[PDB]
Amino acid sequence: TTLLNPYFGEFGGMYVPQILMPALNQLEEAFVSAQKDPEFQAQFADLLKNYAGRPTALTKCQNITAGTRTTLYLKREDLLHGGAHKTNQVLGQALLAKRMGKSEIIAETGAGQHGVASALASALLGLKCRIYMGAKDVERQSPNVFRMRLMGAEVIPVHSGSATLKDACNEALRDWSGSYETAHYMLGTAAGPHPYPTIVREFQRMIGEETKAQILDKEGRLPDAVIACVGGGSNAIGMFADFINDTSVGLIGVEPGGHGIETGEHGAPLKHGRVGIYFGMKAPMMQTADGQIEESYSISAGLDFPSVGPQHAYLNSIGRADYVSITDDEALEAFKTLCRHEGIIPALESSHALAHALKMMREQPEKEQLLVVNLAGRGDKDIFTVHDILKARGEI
């Protein structure tokens, strides 16, 4: 029994061990309560403004669209404290933990951005934080691991399974199943069992709410489309939510195409995977023919979640939102383009969204279209990867 429908159409649900059902019920009830509580909302607003720095800029990118009829704005989640949109919802989930009397935080992370965001919110709000991270990711993300540790979080490498994000997800749930009376699981994307897809959307929805206000102020109308990368789905649903009922506004989600869809080396389960049941939800998955969960591949570390939030699967099924993919090379080109033409170094993750916008523009350069790309993170973290690629190609 729940207060809210745990499914978006056929997708979602609460596929956790029975032992965890009380925890999910408690979280749902605390969220529904918090959403009606002006004190909770004021505290969240205070953190978002004075600590995280909201509202974020909406930047018009004139150089990159010159000579076409595309107008392109970037929503600047890269300027948020922490350097990515992950900060928004960790502040809200940390307040929910306090609301429920929880004193400890568990989080999973792949690229380490969610881990850093969990750590900073926990340091600020006095919660003891433990972060699970696949051992292969720990090895590849030593800067983020060290940032988490400087902020006082315990980072626990996970050596089971494939030693990557799905394995960290499992470890977080294993811990929670035996610690839920005192610890809150701060899940890092709009996926997992209800009520997480709902909570994460609501605690990221200020992205699209601000974007709507800003674009109306600057252009006097809504966008023709808003475009965001989709790893697990949090930045995209945060951008999309406020526009769902504005049916003139296109919602475009961009999954990583990796080396190409046809190679199988990608991270695009919504369009090219198969529905399965894992990590508490029924949703499209990367998986083997016999149902073992597989990894997502991308040049961008942060698009590694091997499934996708159930609300995205739902919005796709009903045709409200459209989902596409962008390959590593397309993303890398968009990255270099934004650096050179706008002086903004984008995260390789959101470089996927920018790449699709550049495609929409270049393919039909006489089409009059007002686009917003969610720039969900900054790309300083990525310059080593890019350096290494460009060197290997003899570009430098």
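Just count from 1 along the sequence shown to find any residue number.
Visitor: Please compare 225 to 233 with 96 to 104 and name the stretch with the higher mean C-alpha B-factor in the deposited structure.
Guide: Looking at the recorded C-alpha B-factors, 96 to 104 comes out higher on average.
Visitor: Mean CA temperature factor from the deposited coordinates, higher in 296 to 304 or in 215 to 223?
Guide: For C-alpha atoms only, the mean B-factor is higher in 215 to 223.
Visitor: Out of 89, 160, 189, 113, which shows the largest CA B-factor listed in the entry?
Guide: The record points to 160.
Visitor: Go through 202, 139, 255, 322 one by one and give the residue whose Cα B-factor in the PDB entry is largest.
Guide: When the deposited C-alpha B-factors of 202, 139, 255, 322 are compared, 139 is largest.
Visitor: Based on the entry's values, in what third of the chain does the Cα temperature factor of residue 269 lie: lowest, middle or highest?
Guide: Ranked within chain, residue 269 CA B lands in the lowest tercile.
Visitor: Lowest, middle or highest third: which one holds residue 24 when the chain's residues are ordered by CA B-factor from the entry?
Guide: Residue 24: CA B-factor falls in the middle third of its chain.
Visitor: Comparing residue 85 with the other modelled residues of its chain, is its CA B-factor in the lowest, middle or highest third?
Guide: Its C-alpha B-factor belongs to the lowest third of this chain's values.
Visitor: Classify residue 337 as lowest, middle or highest third according to the C-alpha B-factor given in the PDB entry, relative to its own chain.
Guide: Ranked within chain, residue 337 CA B lands in the middle tercile.
Visitor: Would you mind ranking residue 124 by its C-alpha B-factor against the rest of the chain and naming the third, lowest, middle or highest?
Guide: Within its chain, residue 124 is a highest-third residue by C-alpha B-factor, going by the deposited values.
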